[PDB]
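Visitor: For reference, the file data_23.cif (mmCIF, C-alpha atoms) is included below:
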```cif
data_upload
loop_
_atom_site.group_PDB
_atom_site.id
_atom_site.type_symbol
_atom_site.label_atom_id
_atom_site.label_comp_id
_atom_site.auth_asym_id
_atom_site.auth_seq_id
_atom_site.Cartn_x
_atom_site.Cartn_y
_atom_site.Cartn_z
ATOM 1 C CA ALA A 218 -17.616 21.043 33.188
ATOM 2 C CA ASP A 219 -20.683 18.948 32.265
ATOM 3 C CA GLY A 220 -22.229 18.362 35.705
ATOM 4 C CA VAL A 221 -24.656 15.398 35.762
ATOM 5 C CA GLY A 222 -26.260 14.457 32.453
ATOM 6 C CA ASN A 223 -23.910 16.164 29.979
ATOM 7 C CA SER A 224 -21.351 14.022 28.181
ATOM 8 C CA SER A 225 -17.743 15.195 28.468
ATOM 9 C CA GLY A 226 -16.440 13.301 25.438
ATOM 10 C CA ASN A 227 -17.205 11.164 22.413
ATOM 11 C CA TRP A 228 -16.128 7.750 21.157
ATOM 12 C CA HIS A 229 -13.234 8.176 18.692
ATOM 13 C CA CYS A 230 -11.849 4.787 17.552
ATOM 14 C CA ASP A 231 -10.450 4.910 13.973
ATOM 15 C CA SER A 232 -7.374 5.433 11.810
ATOM 16 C CA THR A 233 -6.570 7.975 9.098
ATOM 17 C CA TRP A 234 -3.849 7.397 6.501
ATOM 18 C CA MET A 235 -2.569 10.647 4.945
ATOM 19 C CA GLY A 236 0.585 10.307 2.832
ATOM 20 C CA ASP A 237 3.563 9.589 5.080
ATOM 21 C CA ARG A 238 1.443 9.641 8.261
ATOM 22 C CA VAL A 239 -1.077 7.359 9.935
ATOM 23 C CA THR A 240 -3.051 8.568 12.957
ATOM 24 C CA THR A 241 -4.564 5.788 15.069
ATOM 25 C CA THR A 242 -7.199 6.617 17.692
ATOM 26 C CA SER A 243 -8.594 4.158 20.231
ATOM 27 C CA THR A 244 -11.326 4.382 22.862
ATOM 28 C CA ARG A 245 -11.917 1.858 25.646
ATOM 29 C CA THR A 246 -14.122 1.517 28.714
ATOM 30 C CA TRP A 247 -12.154 1.102 31.943
ATOM 31 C CA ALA A 248 -13.034 0.097 35.495
ATOM 32 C CA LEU A 249 -10.964 1.332 38.441
ATOM 33 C CA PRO A 250 -11.487 -0.289 41.861
ATOM 34 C CA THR A 251 -10.153 0.857 45.216
ATOM 35 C CA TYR A 252 -6.647 -0.538 45.672
ATOM 36 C CA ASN A 253 -5.105 -1.492 49.033
ATOM 37 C CA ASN A 254 -8.125 0.109 50.755
ATOM 38 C CA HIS A 255 -6.641 3.576 50.123
ATOM 39 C CA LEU A 256 -3.336 2.576 51.754
ATOM 40 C CA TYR A 257 0.344 2.391 50.838
ATOM 41 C CA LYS A 258 1.750 -1.010 51.910
ATOM 42 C CA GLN A 259 5.402 -1.989 52.081
ATOM 43 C CA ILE A 260 5.950 -5.180 50.084
ATOM 44 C CA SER A 261 8.921 -7.526 49.914
ATOM 45 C CA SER A 262 9.884 -11.005 48.793
ATOM 46 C CA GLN A 263 8.607 -13.888 50.897
ATOM 47 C CA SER A 264 10.948 -15.385 53.486
ATOM 48 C CA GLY A 265 12.623 -18.517 52.105
ATOM 49 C CA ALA A 266 12.837 -17.195 48.547
ATOM 50 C CA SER A 267 16.071 -17.579 46.626
ATOM 51 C CA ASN A 268 18.520 -14.689 46.484
ATOM 52 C CA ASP A 269 17.733 -14.113 42.799
ATOM 53 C CA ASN A 270 14.044 -13.641 43.668
ATOM 54 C CA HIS A 271 14.541 -11.266 46.612
ATOM 55 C CA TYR A 272 12.994 -7.815 46.272
ATOM 56 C CA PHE A 273 11.731 -4.839 48.260
ATOM 57 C CA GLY A 274 9.248 -2.194 47.219
ATOM 58 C CA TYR A 275 5.964 -0.447 47.876
ATOM 59 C CA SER A 276 2.391 -1.001 46.714
ATOM 60 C CA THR A 277 0.360 2.131 46.059
ATOM 61 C CA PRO A 278 -3.437 2.626 46.054
ATOM 62 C CA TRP A 279 -3.152 4.189 42.584
ATOM 63 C CA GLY A 280 -3.721 2.657 39.178
ATOM 64 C CA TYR A 281 -2.107 3.494 35.862
ATOM 65 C CA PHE A 282 -3.199 3.563 32.228
ATOM 66 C CA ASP A 283 -1.018 1.404 29.972
ATOM 67 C CA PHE A 284 -1.168 1.496 26.174
ATOM 68 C CA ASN A 285 2.392 0.304 25.473
ATOM 69 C CA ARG A 286 1.351 -2.410 23.011
ATOM 70 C CA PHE A 287 0.707 -2.041 19.258
ATOM 71 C CA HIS A 288 -2.678 -3.896 19.404
ATOM 72 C CA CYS A 289 -3.963 -0.980 21.604
ATOM 73 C CA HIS A 290 -3.776 1.327 18.557
ATOM 74 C CA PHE A 291 -3.582 -0.804 15.384
ATOM 75 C CA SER A 292 -6.281 -3.139 14.154
ATOM 76 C CA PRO A 293 -5.032 -6.290 12.384
ATOM 77 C CA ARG A 294 -6.042 -4.748 9.049
ATOM 78 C CA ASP A 295 -4.170 -1.585 10.062
ATOM 79 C CA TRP A 296 -1.118 -3.697 10.915
ATOM 80 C CA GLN A 297 -1.302 -5.488 7.561
ATOM 81 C CA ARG A 298 -1.582 -2.138 5.770
ATOM 82 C CA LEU A 299 1.428 -0.851 7.722
ATOM 83 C CA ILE A 300 3.766 -3.819 7.304
ATOM 84 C CA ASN A 301 3.023 -4.684 3.659
ATOM 85 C CA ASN A 302 3.705 -1.190 2.299
ATOM 86 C CA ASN A 303 6.231 0.622 4.521
ATOM 87 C CA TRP A 304 9.959 0.200 5.093
ATOM 88 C CA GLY A 305 9.735 1.857 8.511
ATOM 89 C CA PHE A 306 7.629 3.723 11.027
ATOM 90 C CA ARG A 307 8.012 5.671 14.263
ATOM 91 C CA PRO A 308 5.693 7.512 16.668
ATOM 92 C CA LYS A 309 5.493 11.296 16.445
ATOM 93 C CA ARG A 310 2.969 12.603 18.994
ATOM 94 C CA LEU A 311 0.091 11.368 21.126
ATOM 95 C CA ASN A 312 -3.101 12.786 22.679
ATOM 96 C CA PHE A 313 -4.764 11.258 25.786
ATOM 97 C CA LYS A 314 -8.234 11.809 27.213
ATOM 98 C CA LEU A 315 -10.312 10.603 30.183
ATOM 99 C CA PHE A 316 -14.015 11.413 30.069
ATOM 100 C CA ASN A 317 -17.517 10.269 31.022
ATOM 101 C CA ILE A 318 -16.272 9.469 34.513
ATOM 102 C CA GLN A 319 -18.811 7.755 36.769
ATOM 103 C CA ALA B 218 17.031 15.846 -36.243
ATOM 104 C CA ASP B 219 20.160 14.029 -34.995
ATOM 105 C CA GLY B 220 21.732 12.935 -38.296
ATOM 106 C CA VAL B 221 24.251 10.079 -37.871
ATOM 107 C CA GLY B 222 25.876 9.747 -34.457
ATOM 108 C CA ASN B 223 23.466 11.762 -32.292
ATOM 109 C CA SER B 224 20.972 9.865 -30.159
ATOM 110 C CA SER B 225 17.330 10.861 -30.626
ATOM 111 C CA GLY B 226 16.079 9.451 -27.322
ATOM 112 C CA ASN B 227 16.903 7.866 -23.988
ATOM 113 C CA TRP B 228 15.931 4.672 -22.186
ATOM 114 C CA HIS B 229 13.019 5.407 -19.817
ATOM 115 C CA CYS B 230 11.738 2.209 -18.132
ATOM 116 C CA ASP B 231 10.327 2.875 -14.618
ATOM 117 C CA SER B 232 7.230 3.650 -12.562
ATOM 118 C CA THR B 233 6.339 6.577 -10.303
ATOM 119 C CA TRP B 234 3.632 6.348 -7.639
ATOM 120 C CA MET B 235 2.246 9.768 -6.635
ATOM 121 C CA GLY B 236 -0.902 9.680 -4.487
ATOM 122 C CA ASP B 237 -3.849 8.509 -6.578
ATOM 123 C CA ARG B 238 -1.725 8.104 -9.730
ATOM 124 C CA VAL B 239 0.870 5.659 -11.013
ATOM 125 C CA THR B 240 2.813 6.415 -14.198
ATOM 126 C CA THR B 241 4.419 3.375 -15.828
ATOM 127 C CA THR B 242 7.034 3.845 -18.558
ATOM 128 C CA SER B 243 8.511 1.046 -20.662
ATOM 129 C CA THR B 244 11.241 0.922 -23.301
ATOM 130 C CA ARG B 245 11.919 -2.007 -25.633
ATOM 131 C CA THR B 246 14.141 -2.778 -28.609
ATOM 132 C CA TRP B 247 12.197 -3.781 -31.721
ATOM 133 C CA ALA B 248 13.117 -5.327 -35.062
ATOM 134 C CA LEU B 249 11.016 -4.659 -38.166
ATOM 135 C CA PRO B 250 11.599 -6.804 -41.274
ATOM 136 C CA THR B 251 10.239 -6.267 -44.768
ATOM 137 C CA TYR B 252 6.779 -7.828 -44.979
ATOM 138 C CA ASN B 253 5.277 -9.369 -48.133
ATOM 139 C CA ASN B 254 8.249 -7.979 -50.104
ATOM 140 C CA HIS B 255 6.655 -4.504 -50.046
ATOM 141 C CA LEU B 256 3.388 -5.863 -51.481
ATOM 142 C CA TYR B 257 -0.287 -6.010 -50.539
ATOM 143 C CA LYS B 258 -1.583 -9.584 -51.033
ATOM 144 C CA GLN B 259 -5.200 -10.692 -51.031
ATOM 145 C CA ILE B 260 -5.653 -13.526 -48.535
ATOM 146 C CA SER B 261 -8.550 -15.905 -47.973
ATOM 147 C CA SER B 262 -9.405 -19.180 -46.294
ATOM 148 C CA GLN B 263 -8.034 -22.329 -47.898
ATOM 149 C CA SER B 264 -10.318 -24.304 -50.199
ATOM 150 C CA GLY B 265 -11.898 -27.217 -48.317
ATOM 151 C CA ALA B 266 -12.162 -25.336 -45.025
ATOM 152 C CA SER B 267 -15.388 -25.500 -43.058
ATOM 153 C CA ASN B 268 -17.927 -22.705 -43.388
ATOM 154 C CA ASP B 269 -17.167 -21.507 -39.850
ATOM 155 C CA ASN B 270 -13.493 -21.068 -40.793
ATOM 156 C CA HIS B 271 -14.057 -19.226 -44.087
ATOM 157 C CA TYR B 272 -12.621 -15.719 -44.323
ATOM 158 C CA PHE B 273 -11.447 -13.073 -46.777
ATOM 159 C CA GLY B 274 -9.052 -10.215 -46.192
ATOM 160 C CA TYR B 275 -5.823 -8.499 -47.135
ATOM 161 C CA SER B 276 -2.237 -8.741 -45.908
ATOM 162 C CA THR B 277 -0.307 -5.481 -45.781
ATOM 163 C CA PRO B 278 3.472 -4.872 -45.868
ATOM 164 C CA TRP B 279 3.129 -2.770 -42.701
ATOM 165 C CA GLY B 280 3.737 -3.703 -39.091
ATOM 166 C CA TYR B 281 2.089 -2.383 -35.954
ATOM 167 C CA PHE B 282 3.170 -1.682 -32.384
ATOM 168 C CA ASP B 283 1.051 -3.510 -29.797
ATOM 169 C CA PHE B 284 1.188 -2.789 -26.067
ATOM 170 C CA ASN B 285 -2.335 -3.961 -25.170
ATOM 171 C CA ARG B 286 -1.215 -6.199 -22.298
ATOM 172 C CA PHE B 287 -0.592 -5.198 -18.659
ATOM 173 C CA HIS B 288 2.850 -6.944 -18.506
ATOM 174 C CA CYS B 289 4.048 -4.390 -21.158
ATOM 175 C CA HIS B 290 3.781 -1.621 -18.533
ATOM 176 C CA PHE B 291 3.646 -3.206 -15.052
ATOM 177 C CA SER B 292 6.414 -5.221 -13.462
ATOM 178 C CA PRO B 293 5.260 -8.075 -11.194
ATOM 179 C CA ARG B 294 6.212 -5.974 -8.161
ATOM 180 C CA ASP B 295 4.244 -3.083 -9.676
ATOM 181 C CA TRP B 296 1.262 -5.400 -10.162
ATOM 182 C CA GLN B 297 1.494 -6.609 -6.560
ATOM 183 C CA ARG B 298 1.664 -3.004 -5.344
ATOM 184 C CA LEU B 299 -1.380 -2.150 -7.474
ATOM 185 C CA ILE B 300 -3.625 -5.080 -6.567
ATOM 186 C CA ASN B 301 -2.864 -5.311 -2.831
ATOM 187 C CA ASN B 302 -3.659 -1.664 -2.063
ATOM 188 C CA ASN B 303 -6.234 -0.323 -4.546
ATOM 189 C CA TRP B 304 -9.947 -0.950 -5.031
ATOM 190 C CA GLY B 305 -9.766 0.128 -8.675
ATOM 191 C CA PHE B 306 -7.714 1.620 -11.470
ATOM 192 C CA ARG B 307 -8.149 2.997 -14.981
ATOM 193 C CA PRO B 308 -5.883 4.489 -17.662
ATOM 194 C CA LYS B 309 -5.802 8.263 -18.065
ATOM 195 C CA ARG B 310 -3.315 9.211 -20.801
ATOM 196 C CA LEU B 311 -0.393 7.734 -22.708
ATOM 197 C CA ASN B 312 2.756 8.977 -24.481
ATOM 198 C CA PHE B 313 4.474 7.012 -27.299
ATOM 199 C CA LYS B 314 7.929 7.430 -28.806
ATOM 200 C CA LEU B 315 10.051 5.818 -31.543
ATOM 201 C CA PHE B 316 13.727 6.751 -31.573
ATOM 202 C CA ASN B 317 17.266 5.577 -32.334
ATOM 203 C CA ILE B 318 16.055 4.176 -35.642
ATOM 204 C CA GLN B 319 18.653 2.195 -37.593
#
```
As structure tokens - that is how I would like this structure written.

Guide:
Amino acid sequence: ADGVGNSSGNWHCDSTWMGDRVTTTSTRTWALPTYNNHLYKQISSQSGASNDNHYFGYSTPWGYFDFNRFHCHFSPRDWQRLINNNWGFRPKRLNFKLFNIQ
Amino acid sequence: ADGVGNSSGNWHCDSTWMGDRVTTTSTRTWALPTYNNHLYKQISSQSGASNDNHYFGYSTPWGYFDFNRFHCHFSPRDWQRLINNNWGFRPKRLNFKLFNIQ
């Protein structure tokens, strides 16, 4: 889309309060290494662990983007503005973007 | 207008916040006596007073309605809502009513 030398996005970190809505936007810089050396590895609890700690699963070479915390979208001033003036809130919709990939 | 037995007004004490406006309404019950026994009396500073305290004026049999204080229109919760969220405020217009006169 933008080959080499053309930016594919802009930095949008801000919040807009409009009546009964607040739209919070956040931008961060991420680093993604190579996980498991491009391999899927079966993982399980160590031998000798207690029965409560036993588990079985798989480790993937993929990563994931997590923003399931309020601090990822609300500044402390935004939080104070939200909690001192509103009797409730709920999420409505979200937009996600990855850009400027090197 | 309402002769004897018909109310000439209602009790409106409340505040409405609408965007960049807040309208505060207050109703009070007042008592007005007879002042100076229906007379205008010349008044002046007492003899022997200091020069800084000397004055001359007149006392009238009339009363006056004063609402030149913020507590006359804003409840403490209204004041907290005003001062914790706004960088400024100013009055725009007012409406005054006397009713249910006995």

Visitor: Within 12 Å of chain B, which residues of chain A show up when using all atoms listed in the file, listed as a PyMOL selection string?

Guide: chain A and resi 234-237+294+297-299+301-303

Visitor: Give me the residues within 10 Å of range 248-250 of chain A as a list in words, counting all atoms listed in the file and dropping any in the same chain fewer than 2 places off.

Guide: residues 246, 252, 253, 254, 278, 279, 280, 281, 318 and 319 of chain A

Visitor: Could you tell me, as a ChimeraX atom specification, exactly which residues end up selected when the PyMOL selection byres ((chain B and resi 262) around 7) is applied to this structure?

Guide: /B:261,263-264,266,271-273

Visitor: Can you show chain B as a PDB file with C-alpha atoms, in the frame of the given file once it has been least-squares superposed onto chain A, using every C-alpha atom paired in order?

Guide:
```
ATOM      1  CA  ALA B 218     -17.616  21.042  33.188  1.00  0.00           C
ATOM      2  CA  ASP B 219     -20.683  18.947  32.264  1.00  0.00           C
ATOM      3  CA  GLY B 220     -22.228  18.362  35.704  1.00  0.00           C
ATOM      4  CA  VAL B 221     -24.655  15.397  35.761  1.00  0.00           C
ATOM      5  CA  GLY B 222     -26.260  14.457  32.453  1.00  0.00           C
ATOM      6  CA  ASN B 223     -23.909  16.164  29.979  1.00  0.00           C
ATOM      7  CA  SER B 224     -21.351  14.021  28.181  1.00  0.00           C
ATOM      8  CA  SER B 225     -17.743  15.195  28.468  1.00  0.00           C
ATOM      9  CA  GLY B 226     -16.440  13.301  25.438  1.00  0.00           C
ATOM     10  CA  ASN B 227     -17.205  11.164  22.412  1.00  0.00           C
ATOM     11  CA  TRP B 228     -16.128   7.749  21.157  1.00  0.00           C
ATOM     12  CA  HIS B 229     -13.234   8.176  18.692  1.00  0.00           C
ATOM     13  CA  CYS B 230     -11.849   4.786  17.553  1.00  0.00           C
ATOM     14  CA  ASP B 231     -10.450   4.910  13.973  1.00  0.00           C
ATOM     15  CA  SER B 232      -7.374   5.433  11.810  1.00  0.00           C
ATOM     16  CA  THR B 233      -6.570   7.975   9.098  1.00  0.00           C
ATOM     17  CA  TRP B 234      -3.850   7.397   6.501  1.00  0.00           C
ATOM     18  CA  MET B 235      -2.570  10.647   4.945  1.00  0.00           C
ATOM     19  CA  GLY B 236       0.585  10.306   2.832  1.00  0.00           C
ATOM     20  CA  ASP B 237       3.562   9.588   5.080  1.00  0.00           C
ATOM     21  CA  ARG B 238       1.444   9.641   8.261  1.00  0.00           C
ATOM     22  CA  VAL B 239      -1.076   7.359   9.935  1.00  0.00           C
ATOM     23  CA  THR B 240      -3.050   8.567  12.957  1.00  0.00           C
ATOM     24  CA  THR B 241      -4.564   5.788  15.069  1.00  0.00           C
ATOM     25  CA  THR B 242      -7.200   6.618  17.692  1.00  0.00           C
ATOM     26  CA  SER B 243      -8.593   4.158  20.231  1.00  0.00           C
ATOM     27  CA  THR B 244     -11.325   4.383  22.862  1.00  0.00           C
ATOM     28  CA  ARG B 245     -11.917   1.858  25.645  1.00  0.00           C
ATOM     29  CA  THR B 246     -14.121   1.517  28.713  1.00  0.00           C
ATOM     30  CA  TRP B 247     -12.155   1.101  31.943  1.00  0.00           C
ATOM     31  CA  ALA B 248     -13.034   0.097  35.495  1.00  0.00           C
ATOM     32  CA  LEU B 249     -10.963   1.333  38.441  1.00  0.00           C
ATOM     33  CA  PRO B 250     -11.487  -0.289  41.861  1.00  0.00           C
ATOM     34  CA  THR B 251     -10.153   0.857  45.216  1.00  0.00           C
ATOM     35  CA  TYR B 252      -6.647  -0.538  45.672  1.00  0.00           C
ATOM     36  CA  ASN B 253      -5.105  -1.491  49.032  1.00  0.00           C
ATOM     37  CA  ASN B 254      -8.124   0.110  50.756  1.00  0.00           C
ATOM     38  CA  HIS B 255      -6.641   3.576  50.123  1.00  0.00           C
ATOM     39  CA  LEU B 256      -3.336   2.575  51.753  1.00  0.00           C
ATOM     40  CA  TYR B 257       0.344   2.391  50.839  1.00  0.00           C
ATOM     41  CA  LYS B 258       1.751  -1.010  51.910  1.00  0.00           C
ATOM     42  CA  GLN B 259       5.401  -1.989  52.081  1.00  0.00           C
ATOM     43  CA  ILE B 260       5.949  -5.179  50.084  1.00  0.00           C
ATOM     44  CA  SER B 261       8.921  -7.526  49.913  1.00  0.00           C
ATOM     45  CA  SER B 262       9.883 -11.004  48.794  1.00  0.00           C
ATOM     46  CA  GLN B 263       8.608 -13.888  50.897  1.00  0.00           C
ATOM     47  CA  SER B 264      10.947 -15.385  53.486  1.00  0.00           C
ATOM     48  CA  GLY B 265      12.623 -18.516  52.104  1.00  0.00           C
ATOM     49  CA  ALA B 266      12.836 -17.195  48.547  1.00  0.00           C
ATOM     50  CA  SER B 267      16.071 -17.578  46.625  1.00  0.00           C
ATOM     51  CA  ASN B 268      18.520 -14.689  46.485  1.00  0.00           C
ATOM     52  CA  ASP B 269      17.732 -14.113  42.800  1.00  0.00           C
ATOM     53  CA  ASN B 270      14.043 -13.641  43.667  1.00  0.00           C
ATOM     54  CA  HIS B 271      14.540 -11.266  46.612  1.00  0.00           C
ATOM     55  CA  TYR B 272      12.994  -7.815  46.272  1.00  0.00           C
ATOM     56  CA  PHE B 273      11.731  -4.839  48.260  1.00  0.00           C
ATOM     57  CA  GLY B 274       9.249  -2.193  47.220  1.00  0.00           C
ATOM     58  CA  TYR B 275       5.965  -0.448  47.876  1.00  0.00           C
ATOM     59  CA  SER B 276       2.391  -1.001  46.715  1.00  0.00           C
ATOM     60  CA  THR B 277       0.360   2.131  46.058  1.00  0.00           C
ATOM     61  CA  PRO B 278      -3.437   2.627  46.054  1.00  0.00           C
ATOM     62  CA  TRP B 279      -3.152   4.189  42.584  1.00  0.00           C
ATOM     63  CA  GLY B 280      -3.721   2.656  39.178  1.00  0.00           C
ATOM     64  CA  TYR B 281      -2.107   3.494  35.862  1.00  0.00           C
ATOM     65  CA  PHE B 282      -3.200   3.564  32.228  1.00  0.00           C
ATOM     66  CA  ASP B 283      -1.018   1.403  29.972  1.00  0.00           C
ATOM     67  CA  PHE B 284      -1.168   1.496  26.174  1.00  0.00           C
ATOM     68  CA  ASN B 285       2.393   0.304  25.473  1.00  0.00           C
ATOM     69  CA  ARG B 286       1.352  -2.410  23.011  1.00  0.00           C
ATOM     70  CA  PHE B 287       0.707  -2.041  19.259  1.00  0.00           C
ATOM     71  CA  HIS B 288      -2.678  -3.896  19.404  1.00  0.00           C
ATOM     72  CA  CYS B 289      -3.963  -0.980  21.603  1.00  0.00           C
ATOM     73  CA  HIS B 290      -3.776   1.327  18.557  1.00  0.00           C
ATOM     74  CA  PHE B 291      -3.582  -0.804  15.384  1.00  0.00           C
ATOM     75  CA  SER B 292      -6.281  -3.139  14.154  1.00  0.00           C
ATOM     76  CA  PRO B 293      -5.032  -6.289  12.383  1.00  0.00           C
ATOM     77  CA  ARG B 294      -6.042  -4.747   9.049  1.00  0.00           C
ATOM     78  CA  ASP B 295      -4.170  -1.585  10.063  1.00  0.00           C
ATOM     79  CA  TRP B 296      -1.118  -3.696  10.915  1.00  0.00           C
ATOM     80  CA  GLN B 297      -1.302  -5.487   7.562  1.00  0.00           C
ATOM     81  CA  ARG B 298      -1.582  -2.139   5.770  1.00  0.00           C
ATOM     82  CA  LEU B 299       1.428  -0.851   7.723  1.00  0.00           C
ATOM     83  CA  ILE B 300       3.766  -3.818   7.304  1.00  0.00           C
ATOM     84  CA  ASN B 301       3.023  -4.684   3.659  1.00  0.00           C
ATOM     85  CA  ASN B 302       3.704  -1.189   2.299  1.00  0.00           C
ATOM     86  CA  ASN B 303       6.229   0.622   4.521  1.00  0.00           C
ATOM     87  CA  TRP B 304       9.959   0.201   5.093  1.00  0.00           C
ATOM     88  CA  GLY B 305       9.735   1.857   8.511  1.00  0.00           C
ATOM     89  CA  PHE B 306       7.629   3.723  11.028  1.00  0.00           C
ATOM     90  CA  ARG B 307       8.012   5.671  14.263  1.00  0.00           C
ATOM     91  CA  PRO B 308       5.693   7.512  16.668  1.00  0.00           C
ATOM     92  CA  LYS B 309       5.492  11.296  16.446  1.00  0.00           C
ATOM     93  CA  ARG B 310       2.969  12.602  18.995  1.00  0.00           C
ATOM     94  CA  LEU B 311       0.090  11.368  21.126  1.00  0.00           C
ATOM     95  CA  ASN B 312      -3.101  12.786  22.679  1.00  0.00           C
ATOM     96  CA  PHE B 313      -4.764  11.258  25.786  1.00  0.00           C
ATOM     97  CA  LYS B 314      -8.234  11.809  27.213  1.00  0.00           C
ATOM     98  CA  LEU B 315     -10.311  10.603  30.183  1.00  0.00           C
ATOM     99  CA  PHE B 316     -14.015  11.412  30.069  1.00  0.00           C
ATOM    100  CA  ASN B 317     -17.517  10.268  31.022  1.00  0.00           C
ATOM    101  CA  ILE B 318     -16.271   9.469  34.512  1.00  0.00           C
ATOM    102  CA  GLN B 319     -18.811   7.755  36.769  1.00  0.00           C
TER     103      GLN B 319
END
```

Visitor: CA of residue 241 in chain B and CA of residue 225 in chain B, how far apart in Å?

Guide: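 One can read the CA of residue 225 in chain B to CA of residue 241 in chain B distance as 21.0 Å.
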
Visitor: Expand the PyMOL selection byres ((chain B and resi 276) around 7) into the explicit residue set it covers here, and present it as a VMD selection string.

Guide: chain B and resid 257 to 260 274 to 275 277 to 278

Visitor: Do a neighbour search on residue 245 in chain A at 12 Å with all atoms listed in the file, toss out local chain neighbours closer than 4 positions, and write the hits as a ChimeraX atom specification.

Guide: /A:227-230,282-284,289-290,313-317

Visitor: Please report the interatomic distance between CA of residue 288 in chain B and CA of residue 251 in chain B in Å with one decimal.

Guide: 27.3 Å

Visitor: Provide the CA of residue 222 in chain B to CA of residue 243 in chain B distance in Å, to one decimal place.

Guide: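 So the two atoms, CA of residue 222 in chain B and CA of residue 243 in chain B, lie 23.8 Å apart.
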
Visitor: Using only C-alpha atoms, pick whichever of B:256, B:300, B:308, B:247 has the shortest atom-to-atom distance to residue 285 in chain B.

Guide: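 Closest candidate: B:308.
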
Visitor: For each of B:232, B:226, B:312, B:220, take the minimum atom-to-atom distance to residue 292 in chain B, counting only C-alpha atoms, then give the residue where this is smallest.

Guide: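 Answer, going by the shortest atom-to-atom distance: B:232.
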